Undergrad: 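Please find one structure pasted underneath; my questions will follow.
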Amino acid sequence: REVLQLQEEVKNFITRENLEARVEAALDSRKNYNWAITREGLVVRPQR
Amino acid sequence: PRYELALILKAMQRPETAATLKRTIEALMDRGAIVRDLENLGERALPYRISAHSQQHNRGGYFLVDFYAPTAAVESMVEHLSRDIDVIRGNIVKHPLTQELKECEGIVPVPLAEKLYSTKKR
Amino acid sequence: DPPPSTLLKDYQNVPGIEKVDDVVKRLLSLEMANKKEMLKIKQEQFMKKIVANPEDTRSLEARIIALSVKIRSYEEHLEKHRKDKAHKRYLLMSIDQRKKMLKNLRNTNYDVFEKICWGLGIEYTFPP
Amino acid sequence: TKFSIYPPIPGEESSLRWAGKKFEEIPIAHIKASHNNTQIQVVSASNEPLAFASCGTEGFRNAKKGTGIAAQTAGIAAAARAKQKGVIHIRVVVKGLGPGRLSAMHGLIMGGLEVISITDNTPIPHXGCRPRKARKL
Amino acid sequence: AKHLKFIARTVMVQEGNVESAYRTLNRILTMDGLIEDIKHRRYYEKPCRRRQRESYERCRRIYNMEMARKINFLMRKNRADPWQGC
Amino acid sequence: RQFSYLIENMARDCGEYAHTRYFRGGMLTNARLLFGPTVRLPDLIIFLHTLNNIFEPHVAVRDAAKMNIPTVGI
Amino acid sequence: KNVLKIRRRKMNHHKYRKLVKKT
Amino acid sequence: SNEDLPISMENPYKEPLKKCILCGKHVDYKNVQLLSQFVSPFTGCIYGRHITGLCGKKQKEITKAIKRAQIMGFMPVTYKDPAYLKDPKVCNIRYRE
Amino acid sequence: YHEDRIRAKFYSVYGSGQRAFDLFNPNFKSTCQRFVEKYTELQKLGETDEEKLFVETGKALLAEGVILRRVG
RNA sequence: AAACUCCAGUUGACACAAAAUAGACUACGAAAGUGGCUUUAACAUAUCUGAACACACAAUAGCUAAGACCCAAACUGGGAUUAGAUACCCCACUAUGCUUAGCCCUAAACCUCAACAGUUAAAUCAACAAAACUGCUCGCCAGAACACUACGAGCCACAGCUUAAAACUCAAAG
Ligand code: FES
Ligand SMILES: [K+]
Ligand SMILES: [Mg+2]
Ligand SMILES: [Mg+2]
Ligand SMILES: [Mg+2]
Ligand SMILES: [Mg+2]
Ligand SMILES: [Mg+2]
Ligand SMILES: [Mg+2]
Ligand SMILES: [Mg+2]
Ligand SMILES: [Mg+2]
Ligand SMILES: [Mg+2]
Ligand SMILES: [Mg+2]
Ligand SMILES: [Mg+2]
Ligand SMILES: [Mg+2]
Ligand SMILES: [Mg+2]
Ligand SMILES: [Mg+2]
Ligand SMILES: [Mg+2]
Ligand SMILES: [Mg+2]
Ligand SMILES: [Mg+2]
């Protein structure tokens, strides 16, 4: 099962052919790893 | 194995920032790497003033690069980053998603230690 | 030394892995793994070559093979780290523990004692 | 709004203005509270020396410099040289746990200067250089 | 040196009350441990002496934290004698 | 101390004796000196509370066994 | 425990190290 | 014999073991917003498990992540980032009073 | 006892009700105890599962007029 | 007091040195020892005990050679104190503390409490300390001092380490 799941993801890996295209896309999106927590153990992600 | 390259580039325009990213990713592939993703964390202000290549930086672009590579390719890639002027700071760490977290049951209370001293009348 | 293209011990057996992408076969090889995955394969080869029942790993024979793969690992680590006194003690103790295994094996089953000494290239020397 | 003990951040605009000036434009009063002396120096936002005073410059000598009287006397002399240049509000920056750590701050208040904030810049290394050996006295 | 200024260990004065601010600042440094750390860093404390003090400070905390737990547990019996005369 | 009054009354009603107060040292082992040489000690002691106010055995439990007096205890 | 038995060995060693330096 | 006798059984009324706020969650060195919740707003000093309320296994993860983010250029050392000053307070420490 | 598993769940689902215990009265039956009697009586019928048997017991009490306010 | 006064303070640039907080945690390692970040390699033994005829390690100090040098600092110098002060206090500076390649192989190297297995009852048990015992095995001790000594032998050790007595003396030592 792990091999099958991996065989699907490999298609999305960056390659020398699609390297330039992926770079531009990354410069347009943003990933946010910031999230706080309360006393009740509840995540609080920022509204941005 | 699977690594993660926390890259802090210099505050530059889009044309120059794209040339540095591509230049940096071509160096990984030349050393036997298999890039997987390129996440952008956005351009922010550095927590402190960083000095690199005779330049005092106050801002930089944060980028992540998840990839697969052999063990011998890490040390050769750490040298390349040092030479590149556009890169303020770059470090490689084992990807945190390749470390399974053992399930936790809860906090176990610890009772006070007993029988530390003889039960004699001092 | 197993080639880098060799698949991992776990993934070689699963079906359908014969016909997959080249990139997926390079991620499941020894090239993208650590040094401890190549040692799991070196041990597997010796068992088939030497031991009658590869599946049984608790037998005195297998323990010698498992320990002889560790000894070779320490010698490759000491060839680059000469001033590592910790791994130099684990080597000299492992060499003394293997000799104690070869003594008990030579006293019980001499037929296999010759097989292991030949397969692994070991020469039992009587202590002074 | 409410009151906060946290200073305003330059990146974020604030509504707290002292005599029509921002928190950043306020001059600074650097105090160095040592064990045997206490130096005071007032500067502007652009790091321009305005006034300098110390227990030694006020006439105190040797052990008499490590007191709260000499520190207060030095704070009054520094608040009288800076008040002639148009100084009213200041930002205090103390450095050291000497005797004149608080007494010097009083002499600045007794010279017509108002303290809006207090900052501690005492040098603590995260390890650093090995200090001298312990005394037997 | 490389960090922003006037953001660390900085306290603002309320209504020109410098005394109350200085007490607050000195209480933040004490609770964080800087005050005591600055006093021991005046002279070099050798490892053996620093290990003797940490063990002394840790055994004092235990004792002081268990005695106080018994005082608050027995403070309920500090009331008047209900059987006065027997 | 909560039951000191109740016990003292019972002893009076049944024509018996009671000692609910602080037990002075020698009431049993040194009785002849405290009371007199012709004093007569109890033949039976009944402990309604075998502990003192510090959660330790009453001294009479040990002093009674010294003087060979049988004890009844709760 | 006292160090009276350590003090006897302390002088013995000191006088011996001082005698070797002299001879 | 008799049916009213007790039985050899485990405590039914026993309550589940308590968990820290971060139990079952992943601590990453890039989540500076979470790591700043366990440092002093004034000195940047890391708090202890008697203030944070975390367990031993999770307090070690916060520490290793803070020390890694500080030297990588993600988090400041001497002070807490002012941007995260208005975040929920989970630490049991009161300075002003 | 076997009924302690029942009581632990009742107190968790509902908890002690407005009714206060009377420990002086030896022959006193609490709201929880009444729930146990019905729960056990329905067990004699033949139901072999706790979830259904537990749910059916509460309905019987509601029919008898008992007040069962769940924590939720 | 001496010293400094091409000193001091603010700001900026700026390490082959040392590693706040976390740590009220008690983990790793045979011990020594190990608490800044990252990566690579990596932490013996499917019964136990077992080498003072051997092998490999072993804090600090110290030796040899080549380097680095903020700070600290034996030695030394100066100031002061003192009846004197070859010390305690102040200042300055060196070997040394660091790196590299080798040697030296010592400690209150002490948690002064051996390894494996097992027990909590009986006489629990001189005292103190960190409660009292069983089985098995190795190592070690037999009055004090002479003695971490002499001689002999071995060792890259040459003012050294290890092993280690005797004569005379005491009726105590502990
Ligand atoms: S209690 Fe489960 S992780 Fe802290
Ligand atoms: K010790
Ligand atoms: Mg004593
Ligand atoms: Mg002598
Ligand atoms: Mg052995
Ligand atoms: Mg030995
Ligand atoms: Mg050594
Ligand atoms: Mg040296
Ligand atoms: Mg110096
Ligand atoms: Mg002199
Ligand atoms: Mg030097
Ligand atoms: Mg040294
Ligand atoms: Mg030690
Ligand atoms: Mg010993
Ligand atoms: Mg042994
Ligand atoms: Mg003798
Ligand atoms: Mg010696
Ligand atoms: Mg000798
Ligand atoms: Mg000789």
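Sequence lines set the chain letters: A, B, ... in the order given, protein chains first and strands last, and positions in each chain run from 1. As a basis for the values below, the full set of heavy atoms in this structure was taken, side chains included, without hydrogen atoms, waters or symmetry mates.
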Undergrad: Looking at J:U10, does its base get a donor-acceptor pair with the side chain of E:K5 below 3.5 Å?
TA: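 Absent.
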Undergrad: Mind checking if D:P131 touches a base, just sugar-phosphate, or nothing, with heavy atoms under 4.0 Å?
TA: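 Sugar-phosphate only.
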Undergrad: So which nucleotide does J:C89 pair with, by the Watson-Crick or G-U wobble rule with both distances under 3.5 Å?
TA: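 Here J:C89 is engaged in a pair, and the nucleotide opposite it is J:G79.
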Undergrad: Give every donor-acceptor pair under 3.5 Å between a side-chain atom in residues 52-63 of chain D and any protein atom, sequence neighbours left out.
TA:
| residue | atom | partner | partner atom | Å |
| --- | --- | --- | --- | --- |
| D:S54 | OG | D:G56 | N | 3.4 |
| D:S54 | OG | D:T57 | N | 3.3 |
| D:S54 | OG | D:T57 | OG1 | 3.4 |
| D:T57 | OG1 | D:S54 | N | 2.9 |
| D:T57 | OG1 | D:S54 | O | 2.6 |
| D:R61 | NH1 | D:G56 | O | 3.4 |

Undergrad: Report yes or no: do J:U34 and J:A27 constitute a Watson-Crick or wobble pair with both atom distances shorter than 3.5 Å?
TA: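 Here the two bases pair.
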Undergrad: Pairing defined as Watson-Crick or G-U wobble with both contacts under 3.5 Å. Yes or no for J:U96 and J:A72?
TA: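 Given the Watson-Crick and G-U criteria, J:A72 is paired with J:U96.
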Undergrad: Taking the purine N1 to pyrimidine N3 distance and the second Watson-Crick contact, or the two G-U wobble contacts, each under 3.5 Å, tell whether J:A107 pairs with J:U76.
TA: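 Result no; criteria under 3.5 Å not both met.
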Undergrad: Can a donor-acceptor pair be found, under 3.5 Å and without considering hydrogens, that links the side chain of E:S55 to the backbone of E:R51?
TA: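 Absent.
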Undergrad: We want to know whether E:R9 and H:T43 form a side-chain donor-acceptor pair, criterion being a heavy-atom distance below 3.5 angstrom.
TA: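 Judged by distance alone, the side chains do not pair up.
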Undergrad: What pucker does J:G35 show by its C1'-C2'-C3'-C4' sign, north or south?
TA: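 Pucker of J:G35: south.
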Undergrad: Evaluate J:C25 against J:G9 for Watson-Crick or G-U wobble pairing; both distances have to be shorter than 3.5 Å.
TA: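 Here the two bases do not pair.
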Undergrad: Both donor-acceptor distances under 3.5 Å, either Watson-Crick or G-U wobble. Does J:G23 meet that with J:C93?
TA: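 Between J:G23 and J:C93, no qualifying pair exists.
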Undergrad: Indicate whether OP1 or OP2 belonging to J:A13 is found under 4.0 Å from a side-chain N or O atom of B:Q56.
TA: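 So the side chain of B:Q56 is within the cut-off, an N or O lying under 4.0 Å from OP1 or OP2 of J:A13.
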Undergrad: Along nucleotides 22-27 of chain J, 5' to 3', which nucleotides get a B, which get an S, and which get a -, given that the test is a protein heavy-atom distance under 4.0 Å?
TA: BSBBB-
Undergrad: Mind checking whether J:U134 and J:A117 form a Watson-Crick or G-U wobble pair, both distances under 3.5 Å?
TA: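 Answer is yes for this nucleotide pair.
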Undergrad: Both distances under 3.5 Å, Watson-Crick or G-U wobble: does J:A51 pair with J:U47?
TA: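 Pair flag for J:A51 and J:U47 is false.
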Undergrad: Okay, side chain of B:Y62, backbone of H:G73: is any donor-acceptor separation there less than 3.5 Å?
TA: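 The answer is yes, because a donor-acceptor pair under 3.5 Å joins these two groups.
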Undergrad: Can you list every pair that meets salt bridge (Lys or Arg N to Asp or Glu O under 4.0 Å) and has a residue in residues 78-93 of chain C, with sequence neighbours left out?
TA: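 Salt bridge (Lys or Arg N to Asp or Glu O under 4.0 Å) check on residues 78-93 of chain C returns no pairs.
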Undergrad: Is there any salt bridge (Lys or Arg N to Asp or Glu O under 4.0 Å) pair reaching into residues 35-63 of chain H, and which pairs are they, with sequence neighbours excluded?
TA: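 Only H:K58-H:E61 qualify under salt bridge (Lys or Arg N to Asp or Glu O under 4.0 Å).
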Undergrad: Looking only at the side chains, is there a donor atom on one of B:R31 and B:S76 sitting less than 3.5 Å from an acceptor on the other?
TA: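 Judged by distance alone, the side chains do pair up.
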Undergrad: Starting at the 5' end of nucleotides 41-64 of chain J, put B wherever the base has a protein heavy atom under 4.0 Å, S where only the sugar-phosphate does, and a dash everywhere else.
TA: BBSBSBS--B-----SS-------
Undergrad: Answer with base, sugar-phosphate or nothing: what part of the nucleic acid does C:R98 contact at a heavy-atom distance below 4.0 Å?
TA: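 No contact at all - C:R98 keeps every heavy atom at 4.0 Å or more from the nucleic acid.
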Undergrad: Between the protein and nucleotides 125-132 of chain J, which nitrogen or oxygen pairs come in under 3.5 angstrom?
TA:
| residue | atom | partner | partner atom | Å |
| --- | --- | --- | --- | --- |
| J:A129 | OP2 | B:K120 | NZ | 2.9 |
| J:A131 | OP1 | B:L116 | O | 3.0 |
| J:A131 | OP2 | B:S118 | N | 3.1 |

Undergrad: Counting only side-chain nitrogens and oxygens, does B:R49 get under 4.0 Å of the OP1 or OP2 atom of J:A13?
TA: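 The answer is yes; a side-chain N or O of B:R49 sits under 4.0 Å from OP1 or OP2.
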Undergrad: Between J:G23 and J:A56, how far is it from one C1' atom to the other, in whole Å?
TA: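 Comparing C1' positions in J:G23 and J:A56 gives a spacing of 35 Å.
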Undergrad: I'd like to know if E:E57 pairs up with E:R53 as an ion pair, taking the criterion as any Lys NZ or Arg NE/NH1/NH2 lying under 4.0 Å from an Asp or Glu carboxylate oxygen.
TA: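 Result for this pair is yes, salt bridge flagged.
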Undergrad: Any side-chain N or O of B:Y3 less than 4.0 Å from the OP1 or OP2 oxygen of J:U40?
TA: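 Yes.
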Undergrad: By nearest heavy atom, map E:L34 and B:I92 onto RNA chain J; which one lands nearer the 5' end?
TA: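 Its nearest nucleotide lies further toward 5', so the answer is E:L34.
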Undergrad: Would you measure the distance from the P atom in J:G97 across to the matching atom in J:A18 and give it in whole Å?
TA: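 Those two atoms are separated by 12 Å.
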Undergrad: Using the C1' atom on both, measure J:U76 against J:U96 and round to a whole Å.
TA: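 Approximately 15 Å lies between the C1' atom of J:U76 and that of J:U96.
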Undergrad: Can you tell me if D:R130 touches the phosphate of J:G97, counting only side-chain N or O atoms and a distance under 4.0 Å to OP1 or OP2?
TA: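 No.
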Undergrad: Tell me whether J:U39 is paired to J:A122 (Watson-Crick: purine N1 to pyrimidine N3 plus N6-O4 or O6-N4; or G-U wobble; cut-off 3.5 Å).
TA: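 Answer is no for this nucleotide pair.
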Undergrad: Distance check, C1' atoms only: J:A58 and J:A147, in whole angstrom units.
TA: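 My reading of the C1' atoms in J:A58 and J:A147 gives 27 Å.
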Undergrad: Roughly how far apart, to the nearest Å, are J:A85 and J:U162 at atom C1'?
TA: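 It comes out at 41 Å once rounded to the nearest Å.
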Undergrad: Here, do J:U94 and J:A114 pair up as Watson-Crick or G-U wobble, each distance under 3.5 Å?
TA: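 Result no; criteria under 3.5 Å not both met.
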Undergrad: Quantified in whole Å, what is the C1' atom distance between nucleotide J:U120 and nucleotide J:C125?
TA: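 That atom pair is separated by 14 Å.
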Undergrad: So J:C161 and J:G154, Watson-Crick or G-U wobble pair with both distances under 3.5 Å, or not?
TA: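 As far as the geometry goes, J:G154 and J:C161 are base-paired to each other.
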Undergrad: State which of J:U38, J:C89, J:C146 makes the closest approach to the side chain of H:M72.
TA: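 Closest nucleotide among those given: J:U38.
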Undergrad: For nucleotides J:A2 and J:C93, find the distance between their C1' atoms and express it as a whole number of Å.
TA: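 Taking atom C1' in both J:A2 and J:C93, they lie 16 Å apart.
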Undergrad: Counting only side-chain nitrogens and oxygens, does G:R8 get under 4.0 Å of the OP1 or OP2 atom of J:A144?
TA: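 No, because none of the side-chain N or O atoms of G:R8 sits under 4.0 Å from OP1 or OP2 of J:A144.
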